[PDB]
Amino acid sequence: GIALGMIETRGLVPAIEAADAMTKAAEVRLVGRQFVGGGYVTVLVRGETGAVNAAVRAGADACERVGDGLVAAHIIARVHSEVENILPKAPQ
Amino acid sequence: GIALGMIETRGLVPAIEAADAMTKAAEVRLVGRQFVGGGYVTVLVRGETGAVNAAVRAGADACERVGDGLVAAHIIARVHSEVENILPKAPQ
Amino acid sequence: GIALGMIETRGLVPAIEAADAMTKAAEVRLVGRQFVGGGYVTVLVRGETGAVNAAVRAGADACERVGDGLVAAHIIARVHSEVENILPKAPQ
Amino acid sequence: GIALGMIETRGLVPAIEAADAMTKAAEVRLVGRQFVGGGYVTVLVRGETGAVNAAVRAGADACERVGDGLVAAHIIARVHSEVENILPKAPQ
Amino acid sequence: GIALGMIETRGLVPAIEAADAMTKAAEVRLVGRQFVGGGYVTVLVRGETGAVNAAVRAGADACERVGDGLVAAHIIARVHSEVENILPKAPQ
Amino acid sequence: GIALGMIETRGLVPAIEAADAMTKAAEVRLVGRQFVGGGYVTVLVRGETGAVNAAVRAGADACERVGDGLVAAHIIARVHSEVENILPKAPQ
Amino acid sequence: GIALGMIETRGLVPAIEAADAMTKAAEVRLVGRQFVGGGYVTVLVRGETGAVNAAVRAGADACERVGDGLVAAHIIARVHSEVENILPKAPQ
Amino acid sequence: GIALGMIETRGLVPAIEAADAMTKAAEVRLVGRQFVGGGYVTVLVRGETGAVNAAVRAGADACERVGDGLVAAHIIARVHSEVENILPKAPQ
Amino acid sequence: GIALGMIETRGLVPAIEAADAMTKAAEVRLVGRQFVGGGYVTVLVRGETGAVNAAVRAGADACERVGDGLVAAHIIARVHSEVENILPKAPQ
Amino acid sequence: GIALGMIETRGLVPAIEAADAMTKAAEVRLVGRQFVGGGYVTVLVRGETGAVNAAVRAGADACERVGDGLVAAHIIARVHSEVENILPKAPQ
Amino acid sequence: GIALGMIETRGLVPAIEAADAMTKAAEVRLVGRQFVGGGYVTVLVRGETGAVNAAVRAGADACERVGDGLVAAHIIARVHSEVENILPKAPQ
Amino acid sequence: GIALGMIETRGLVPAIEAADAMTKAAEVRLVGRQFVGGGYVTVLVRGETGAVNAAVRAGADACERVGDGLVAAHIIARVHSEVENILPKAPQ
Amino acid sequence: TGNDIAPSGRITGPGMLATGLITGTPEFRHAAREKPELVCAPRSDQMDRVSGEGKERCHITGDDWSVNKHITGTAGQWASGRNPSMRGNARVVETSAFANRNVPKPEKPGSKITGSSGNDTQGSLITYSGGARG
Amino acid sequence: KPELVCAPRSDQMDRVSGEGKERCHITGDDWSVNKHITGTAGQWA
């Protein structure tokens, strides 16, 4: 799907916990893990709206207490074609 | 094994101390060391779920009073396939 | 994939109200009613994550005040392969 | 008749009185009595919405004071096709 | 006679006491013994309306102080033809 | 024998103790062991009136202090010929 | 041996722990487990009187603080022949 | 593996949620879901001692907040051979 | 019958009086008289538990004031099989 | 069984009561009932140490107040081979 | 039997006295005597759990006042297979 | 396995009890019994880290109050390659 | 007397475990040895002994099957006392759905999720994998 | 008995965050080590 679920965390450890919970708790595809600088790490997953909604809920809960904690947990049901350029196509 | 043990610290001295305590403490292998940015440094190990638990606890205890200290200690007994794309395969 | 949504209630009357509301709200397949014992009744539905999300939410609202009450409402977007063996395949 | 009227009571004796009041009150056919467990007993009558509405109103009143009492008295004017699998078809 | 007399009790011992007392008290034939679940046991007799009243009152007093005690006592002078289906015809 | 001796307990361990004590104390044939549901377990013995009086007295006293304990102990010297249809003839 | 050791617990988790402790502690054989009903589980072991004493004490100790807890722990050094009809013959 | 992990819950919804969490958390095999009766529902997993320790921990945490809650979380690192006669091998 | 009623007296005169009264009082057959030694004579009867109860009571009453007096009156509703080896089958 | 358990009573009636209690309490085989003379009756049972301990304790309590009463209750775990020449082999 | 009875003492004179009392007391089979060093001497016996309990009590209270004294008296009802390698099967 | 667990006790009896508890609790291999000298007896087990953690904890509890006492319980999740020479491989 | 094998504290081992929680032991077997305003009375205030078609709430005058005190007969003493009985003391612990309507429960899950969620805090507690509020 | 099997969420925070958690009290032969067992962690690391 095109729905984008994004979780931002302070440090890599909560991000990997969030990504693990998100991909284990729904049928989402992990597309990117982008370091933002300032300690912020962001894990981006794509999938159907229902799947992304369940993943971000599972991700936010899993990594809220991990390490420094959570920054953001956001869901975009449909992503404009323009934003697709700034999003990572495949994880690295 | 498959379990993942992640220790996050501020600076590199605490992380190297933690990687040294983790590997010496239990039967684990140091998959990587990622510079998150803003200070945070994450050291990741892999091993049996029980070995990883012992290593991370020893790693956390070792580096909590070295430099700016420990930020996050973590264990993931089974890591989903997608997350493995964003994990260091082997140390550089 | 196929998600799982289940409503546990105290008594059959709340469960049928949940089963009616869940199936009317979205295109979810009612796969089983379980008499857990001691007065618990569970109704399980299968469908798309979005369909199951809307169904369970409608079911929880409908059966909240009906009879003795509602015990639990759960949605599992991705169900592990192992857990499939304990779930009813179709209602009887 | 599509409409379903169900009464839940604590013990069989209140259920039997509820069934009689419901069947005598209006033109409804008793589709089955279920033993949920833990003392719960449910009697389901089916008929036209008018007949079911009048019967359940009489049934809840009749069995309100019999034995441990009444737990639930519900009216569903239209039951989904999926839910009809979990409902009794004829009493046994 | 077609009048129905029911006595409900907590445990089997009070139920059997009540049944013996009811059968011995008046002209009523014992038709059923049901384990409602959760500790409730119901004993049903059929006979003349006047006879059933005498039997149930004797059984209510006989089993009032036996075991956990009497839950409900009920007499239905005329049972609707629909309800006859959910009543036992003879004891197994 | 014709006399019936019933002991009800709030478990199965007190039931087995009661059965052992009754069978050892007097000449009584254990005829049934019923799980009434809700925890209650009833043990019924049959024998001559004198034997049953001693057996039930022995059984009642033996199981009082074991487990949750004794709910009821009852002796029916002769049961109405109708009641014998609902009594076990031999434990399964 | 013929001595019977019984442990009654609330839930299966305490019972399986008791069975493991009982069999491990002494030289006794597990003859079966029974779901009494209403959250009661009874685990039975048969063996020599000396072993059954040691076994039951180990089982009572092990499962006292597990789950809901221990209800009863009984030792019948010799069970009358009649009680063997109600006791389980081999575990299922 | 041989180690056994067990979780007891009030109702089936927490039981299924626990089962999903255990199997997703670590490499364990769900070998049974048992209806103890009275509400309790037990889910049993089998695997390595390290894996089961992680699996049960994830199961307890996930199941705690779902439905009536969690009753027990138990590990048995070695299961005596006699006790395997009362343990499901493949789930029902 | 299996119930055993035995009276022990000091001297033979009370034993014969007790034996006469026992057989006169109830339907119990005299099974033997034992010269225990030291001036103790024990008379035993076998019959139904009620009959033996009446016989022993009548026997003890008759011989209480006869001769030296009465030592013991005892009733055993059912006597173990092994004990049958030492009891007299028929009087000498 | 090799352990020896002896009960000595003043009069035969307590001895038979002691034998009955001992043989019902545990798996002890009655080997002999000796008339010592002077009004002493000794009952000897041979069984395993646990069974002998349980049986003798039951025997002493049962015959403690029956008739003249008790003289001695003695348990010997193993009797020297030479002593077995002065012990009854089968009852008489 | 398989149970193990151990008595540890400070010296060899108490050990032999304990070994003598143990073997005479009950049906036990002296298996090993160990010089633990530093004055500790261990004597191990095997047999039925009931027999071992009798022997260890006899040995413990027989060797308590002779020599330096009794250090440890202990019973193991069932011994694991791994431990059998560290126990001395042959008499010395 | 690789994890090492040691329990050192004063005397042999505490050590045998500790070994039994350790080899019963978890899947560990009793690699050696070492009479250190002066009364110190060491039992070493090897296995997985989780198994050894449970084994050593169980052993420490078992032999704490047995005999002279426990000296030290020590776990090493992974011993150096050099240390493998001083450690025993299988017991004498 | 003789070779006592009773549990003791001096001799360590399995025999000393679970003291006081065990029953059937030789030690415990021994211890045991020792003008109304309305025709029908108020529905709420009165509860009927036999509820259906046998209710005494309504004062039915004239000939009726009610038997007064002076008339002895089938019910009461003549049915209660036919069979001897003994009422025991048991721990009546209800483990059921209704009994667990009030149980100590963990803190409610909270959702910090933003965006196209469609969440409603008002609705009954929906849960998602992990116990996260849905 | 404990009112809740797992200690309250915000009452504590685990040293090792996931699958090394200690909040949920798990009876049996788990991998917890009390003071009596020295070893891998502590001053030795």
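Positions of Cβ are backbone-derived with ideal geometry, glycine not excepted, and every protein chain shown enters the neighbour counts. No lab work stands behind these numbers, since they all come straight from the coordinates.
Structure values in brief
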{"item": "Selected from D:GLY69, J:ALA55, C:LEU4, residue furthest toward positive end of dipole (the protein assembly as shown; charges at beta carbon)", "result": "C:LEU4"}
{"item": "G:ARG65 paired with D:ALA77, simple spin-label distance in nm, labels 7 Å along Cα-to-beta-carbon", "result": "5.9"}
{"item": "Cα-based Rg and Dmax for chain M, where Dmax is the largest Cα-Cα distance (Å)", "result": "31.6, 83"}
{"item": "Karplus 3J(HN,Hα) series, Hz, for region F:63-73 with 6.51 cos²θ - 1.76 cosθ + 1.60 (x for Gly, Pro)", "result": "8, 4, 9, 9, x, 4, x, 9, 8, 7, 9"}
{"item": "Region F:1-85, relative contact order [Cα under 8 Å, separation at least 6], %", "result": "45"}
{"item": "Selection of trypsin sites (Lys or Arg not before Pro), chain N, meeting DSSP coil and at most 10 other Cβ within 10 Å", "result": "N:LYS35"}
{"item": "Per the axis that maps chain K onto chain D, nearest residue of K (Cβ criterion) and its distance in Å", "result": "K:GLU82, 53"}
{"item": "Amide H contacts under 5 Å for J:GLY32, placed H, 5+ residues apart", "result": "J:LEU44"}
{"item": "Ellipticity estimate at 222 nm from DSSP helix runs (n ≥ 4, -39,500 (n - 2.57)) divided over chain L, nearest 500", "result": "-10000 deg cm²/dmol"}
{"item": "Candidates per trypsin sites (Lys or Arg not before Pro) in chain H, loop by DSSP, up to 14 other Cβ within 10 Å", "result": "H:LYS89"}
{"item": "Distance between region E:15-92 and region D:22-37 - C-alpha centres, whole angstrom", "result": "20"}
{"item": "Charged-residue dipole, Cβ positions (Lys, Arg, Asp, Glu), chain L about Cα centre, Debye nearest 20", "result": "100"}
{"item": "Hz values of 3J(HN,Hα) by residue in region L:74-89 - Karplus curve (6.51, -1.76, 1.60), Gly and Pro given as x", "result": "9, 10, 10, 5, 8, 7, 4, 5, 5, 5, 4, 6, 6, 6, x, 9"}
{"item": "Reciprocal of mean inverse Cα separation for the protein assembly as shown (Kirkwood radius, Å)", "result": "34.5"}
{"item": "Using alpha-carbon coordinates, inclination of helix L:12-25 to the longest axis of chain L, degrees", "result": "50"}
{"item": "FRET efficiency for M:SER116 and B:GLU84, using Cβ-Cβ distance with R0 set to 22 Å, rounded to 0.05", "result": "0.15"}
{"item": "Estimated FRET transfer efficiency (M:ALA41, C:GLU27; beta-carbon r; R0 45 Å; 0.05)", "result": "0.25"}
{"item": "Share of pairwise Cα separations in chain A, more than 20 Å, in percent", "result": "25"}
{"item": "Distribution of pairwise C-alpha distances over chain N, 5 Å bins, in %", "result": "5, 16, 22, 25, 19, 9, 3, 0"}
{"item": "Interchain or long-range residues, amide H under 5 Å from B:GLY39's placed H", "result": "none"}
{"item": "Unit charges on C-beta of K, R, D, E only; dipole of the protein assembly as shown, Debye", "result": "880"}
{"item": "Tilt relative to chain E, helix E:49-62 - C-alpha long axis, 0 to 90 degrees, to 10", "result": "0"}
{"item": "Sorted by Cβ density within 10 Å, fewest first, the residues N:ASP14, M:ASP4", "result": "M:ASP4, N:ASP14"}
